[PDB]
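J.: This one's a deposited entry, sequence included:
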Amino acid sequence: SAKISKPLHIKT
Amino acid sequence: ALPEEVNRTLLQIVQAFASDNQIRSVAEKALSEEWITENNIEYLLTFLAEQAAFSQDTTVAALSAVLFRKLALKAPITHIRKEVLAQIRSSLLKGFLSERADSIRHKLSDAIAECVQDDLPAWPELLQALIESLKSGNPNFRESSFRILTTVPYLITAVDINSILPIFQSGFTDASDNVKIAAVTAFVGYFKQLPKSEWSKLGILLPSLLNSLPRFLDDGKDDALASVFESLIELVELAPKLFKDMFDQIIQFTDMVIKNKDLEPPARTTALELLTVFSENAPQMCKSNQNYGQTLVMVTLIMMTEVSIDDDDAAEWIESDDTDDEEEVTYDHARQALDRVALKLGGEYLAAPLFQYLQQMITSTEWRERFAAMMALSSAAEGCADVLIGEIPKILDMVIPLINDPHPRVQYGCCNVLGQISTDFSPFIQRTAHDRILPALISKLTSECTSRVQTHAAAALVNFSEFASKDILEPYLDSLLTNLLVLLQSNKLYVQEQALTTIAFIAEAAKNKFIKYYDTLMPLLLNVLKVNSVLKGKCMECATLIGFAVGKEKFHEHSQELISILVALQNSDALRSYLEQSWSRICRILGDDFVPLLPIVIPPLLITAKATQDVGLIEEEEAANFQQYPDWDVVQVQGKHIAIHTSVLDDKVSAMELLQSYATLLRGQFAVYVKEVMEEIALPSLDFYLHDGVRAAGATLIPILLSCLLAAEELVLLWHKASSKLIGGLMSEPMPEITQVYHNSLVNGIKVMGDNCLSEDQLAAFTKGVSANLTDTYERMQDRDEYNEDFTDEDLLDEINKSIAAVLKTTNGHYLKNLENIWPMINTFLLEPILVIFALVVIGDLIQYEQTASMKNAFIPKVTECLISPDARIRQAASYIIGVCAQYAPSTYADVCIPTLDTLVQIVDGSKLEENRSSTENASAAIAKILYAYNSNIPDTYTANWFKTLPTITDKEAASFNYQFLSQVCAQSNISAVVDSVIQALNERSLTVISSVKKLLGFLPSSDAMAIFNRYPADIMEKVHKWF
């Protein structure tokens, strides 16, 4: 990613 | 219990399993080809149960237990003779109660479970064994009993309630951690497996479980705590309301764990997860309690500060690349948790508690807290947008002063937020805060700042640019660009890479405003490419996005040389994908001049898009570790285990989407490929039952392929083949979302192929598909409480409407016959809003093609009801039906249409408001239809009523009728309302009524004619000149 973004969710 | 011969044959075989290829393969064949047959299976199960139960050898016992478990399903246990089931059960049970190694007792337990079954005879000796083992002083016996209660939760129903309650309470409180975890696991498994009607019978044990939790911190057993938090997380997703009464206690407990920051991460991350998952499963409950929000914000803020531990200067962080440090576990977890809860709960509920804390963290002398503040806002901004979008100057007042913080990590933090909110508050923020955001980011670009910060600011300029118009970026371009060229000269690869992408995306947003920068940038870019794969790819991306922004004529100054470099690059894995997108973008720039490059670009996409479903028929054990790879997944389809290479199938999709986009741009010029892509890629893709992306991507390719061949016999053959596999997919496709794509795909296919593109059998096979689709939607929907607080379905019904309508139109009515068979289905729907809307929409299409009398009586009673429904979508579909009645069935309908007509004068009258402008426009059209059909047979106030409902600006087909009727009110001083009613429709682009109007203006002087448009501004007077 070459922009700002949030980390991927960690569920299941 | 077995002949002694049988024993050493089987013994030899099972022992051969451990070992050499030869001895071991001979045994494998022997087992599968000779021993698992109707005639030997019971001997084999008898043997394996005996070995697992009695063998003194570990390996043989273990293996046989495992094999028995596997083969006992396949047999299956149900078709085994009674005398032998009994004997197998008895030995399995005696083995369990004898002395075995732990892992063998576990495997025995698993084997025993295969012998407990709905249709199998009662096994009350098991019940008795489990109850006694639960009281054993041996943990392994207790633990193994709960394991069986986990595999077979029905046993829990079968024990007396006054025994099973103390069993679990003793379980939660057991001195052995292992037994605790198995008690917890069995307790939650019960809710996992049983119907809700059985839940209240263990539900009452929740407070004993919750009350047992502090003991794990007393003993310092946090790893064990984490596993119990994991089971509790699964229980929240099943029965969140069971937690209502003790909700504060769980909140306070998770709080306590997360604060104890000498605990290892798993107890703290799973505690946070437990908190988080209430917002996903019981949002009303979290919102009705200010404590949840406050604790949740507080603890994620604590965890977000856990960065660069033992490294105050950040030396390590300053020195690394612009990726995440994967050692910062709790910090990562906190960011995704805040984000997740914000997204569920909204800003009304969290912004206040969030902001209470940020005001204060912004001012701390601990840099970690000033960073935390920025990252927390970054996490929460999207979910809290509904409120924060209004407090945008306030937020910049807090954030922007930190852009210059002494500490470079706080600076990076501030870049992060300006970037996150340029996305989350777009497009409003680009319009109103460009003057503060851009100068702030642009100041970080200077080589005065640290590499990490220059790079982060450059990333944030991608977020801003994404939704900034060319006019807003224009005065900032030279400055943006002169800075980024310096970044282009960095000694660090990652700064160069970011520089390139930032320029590419700014150029994308700048469009034709970027033409003046092209001559400085393009040679810098050519030099980089002629000389670090990612750099080259990001560079070609930069060049072709600049190409698209400046247009083809300017792109022509370097296109041939650029194309030659691409060729060299492609024929020489992150690179692959920059190359393919660049070719694809060159196709968008060059139009039809791309045609001579097809033989370079298409073949490799053909290869990838032909990828087959790469499946490995796999074993229970051999999964999980197969699953470790991001590029593989394992599923269970029909009992067995399958490994599917997911990445390869994602790549097949990617390639199909590129072919699709070439076919869409090149139209008739793509025809040469249509046959091959259709037969070798689109169609076989529908049969990819393990990956739905493939199936969908296959479906969307279909109409586009046909339309290419059309624009350039075969067409008819391929369409017959493609429509038939589409149709066939409707009865077999399990995923509702895919079903939808097929209907849409039929609709688009029909739209391309035209009149009578379907045959009679296809029309009949479609009907069955439509019926099975309607039947399974009904079934899933009549499934939506004590324990708990579907556009997927709405969308599928939306498309089924379209396909039916489409099929009706291509048949030119003939599909009415087939449509009769699913009338009962339709009728049930008509009398839950989504099913209703569907049914009304179908009936409106029916009438469009007076042969419907058969059903007048069956629906008008509900439609007339629906007219005055609180739901706008119901009124809309209803009125359309009443209006369509008078249009296509004038006479088999009058006793209805004229009565309703007063209803319509009222529905007509929050009417003219965005939400229901559409519904009232249909009613309006509906009454104009009645006034037409029965023209001077009507008891005329009406028409003057109707008029006051003009203009019609939103629904196009409605507007189309109203102005047709308007064109068949005169003279008067209605004249300026007559005209404007039309100007309004035209200007709003919702709708020869012009001819009628000019005639009326003819009947008035020079001066009277002119004056009507006197109210209109310049721009709509330009249009009016070009209309009249």
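T.: Sure, I can see it. Numbering: from 1, shown residues only, chains lettered A, B, ... in the order given.
J.: Just to be sure, residue B:935 is in a strand?
T.: No - counting by DSSP: H, G, I helix; E, B strand; the rest coil, residue B:935 is located in no strand; its state is coil.
J.: State the phi and psi torsions of it.
T.: Recorded main-chain torsions at residue B:935 are phi -50, psi -60, according to degrees, to the nearest 10.
J.: Tell me the spacing between it and residue B:734.
T.: Residue B:935 sits 53 Å away from residue B:734, going by C-beta to C-beta, to the nearest Å. Every C-beta, even on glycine, is put in place using the N, C-alpha and C of the backbone.
J.: Same check on residue B:315?
T.: From residue B:315 over to residue B:734 the distance is 54 Å, taken as C-beta to C-beta.
J.: What of residue B:881?
T.: Residue B:881 is 33 Å from residue B:734, by C-beta to C-beta.
J.: out of these two, which sits in the busier spot?
T.: residue B:881 (25 against 9; other C-beta atoms under 10 Å in any protein chain shown).
J.: Quickly note the distance from the more buried one to chain A.
T.: Using C-beta to the nearest C-beta, to the nearest Å, we find residue B:881 at a distance of 44 Å from chain A.
J.: So that residue is in contact with residue B:847, correct?
T.: Yes - here residue B:881 reaches residue B:847: they are 7.0 Å apart, a contact under C-beta atoms under 8 Å.
J.: got a list of what the nearest residue to residue A:9 once chain neighbours are set aside touches?
T.: The shortest distance from residue A:9 to any non-neighbouring residue, by C-beta to C-beta, 6 or more residues apart in numbering or on different chains, is to residue B:336 (5.4 Å). By C-beta atoms under 8 Å, 6 or more residues apart in numbering or on different chains, the contact list for residue B:336 reads A:6-10, B:379.
J.: What's the local residue count around the residue in chain A that chain B sits nearest to?
T.: Closest contact between chain A and chain B, by C-beta to the nearest C-beta, is at residue A:4 (3.1 Å). A total of 22 residues lie near residue A:4 under the criterion other C-beta under 10 Å.
J.: Wasn't it part of a helix?
T.: No - assessed by three-state DSSP, residue A:4 does not belong to a helix; its assignment is coil.
J.: buried set for stretch B:312-327?
T.: Of the residues in stretch B:312-327, B:314, B:317-318, B:322 count as buried by neighbour count, 16 or more other C-beta atoms under 10 Å in any protein chain shown.
J.: residues in contact with residue B:424?
T.: Residue B:424 touches B:381-382, B:385, counting by C-beta under 8 Å, 6+ apart.
J.: Could you do residue B:688 as well?
T.: Residues in contact with residue B:688 (C-beta under 8 Å, 6+ apart) are B:613, B:649, B:694-695, B:698.
J.: okay if I get these as a markdown table plus distance to residue B:529?
T.: Converted to a markdown table, the contacts of residue B:688 look like this (distance: C-beta to C-beta, whole Å):
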| residue | distance to residue B:529 |
| --- | --- |
| B:613 | 38 |
| B:649 | 32 |
| B:694 | 34 |
| B:695 | 38 |
| B:698 | 36 |
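J.: most surrounded residue in those residues?
T.: Counting by other C-beta under 10 Å, top hit in the contacts of residue B:688: residue B:698 with 29 neighbours.
J.: Please report the distance of the nearest residue to that residue once chain neighbours are set aside from residue B:828.
T.: Spatially, and ignoring its direct neighbours in sequence, residue B:698 is nearest to residue B:685 (2.8 Å; C-beta to C-beta, 6+ apart). According to C-beta to C-beta, residue B:685 and residue B:828 sit 35 Å apart.
J.: show me where the stretch 1-150 of chain B has helices.
T.: Secondary structure of the stretch 1-150 of chain B by DSSP state H, counting those that start in this stretch: the helices cover B:4-17, B:22-29, B:41-54, B:58-74, B:82-97, B:102-113, B:124-135, B:139-151.
J.: relative orientation of the longest one and helix B:82-97 in degrees?
T.: Regarding helix B:58-74 and helix B:82-97, their directions subtend 140 degrees when assessed with axes from the mean of the first three to the mean of the last three C-alpha atoms, to 10 degrees.
J.: same for helix B:58-74, what does it pack against?
T.: helix B:4-17, helix B:41-54, helix B:102-113 (3 or more C-beta pairs under 8 Å, 6 or more residues apart in numbering or on different chains; DSSP states H and E).
J.: Pull out the buried residues from that helix.
T.: Across helix B:58-74, burial judged by 16+ other C-beta under 10 Å covers B:60-72.
J.: so which of those comes closest to residue B:580?
T.: Closest approach between the buried residues of helix B:58-74 and residue B:580, by C-beta to C-beta: residue B:70, at 44.6 Å.
J.: Quick one: residues contacting that closest one.
T.: Going by C-beta under 8 Å, 6+ apart, residue B:70 touches residue B:620.
J.: Let me know the distance separating it from residue B:204.
T.: Per C-beta to C-beta, residue B:70 is found 38 Å from residue B:204.
J.: coming back round to it: wait, what's in contact with the residue of chain A closest to chain B?
T.: B:378, B:415-416, B:419-420, B:422-423, B:456, B:459-460, B:462-463.
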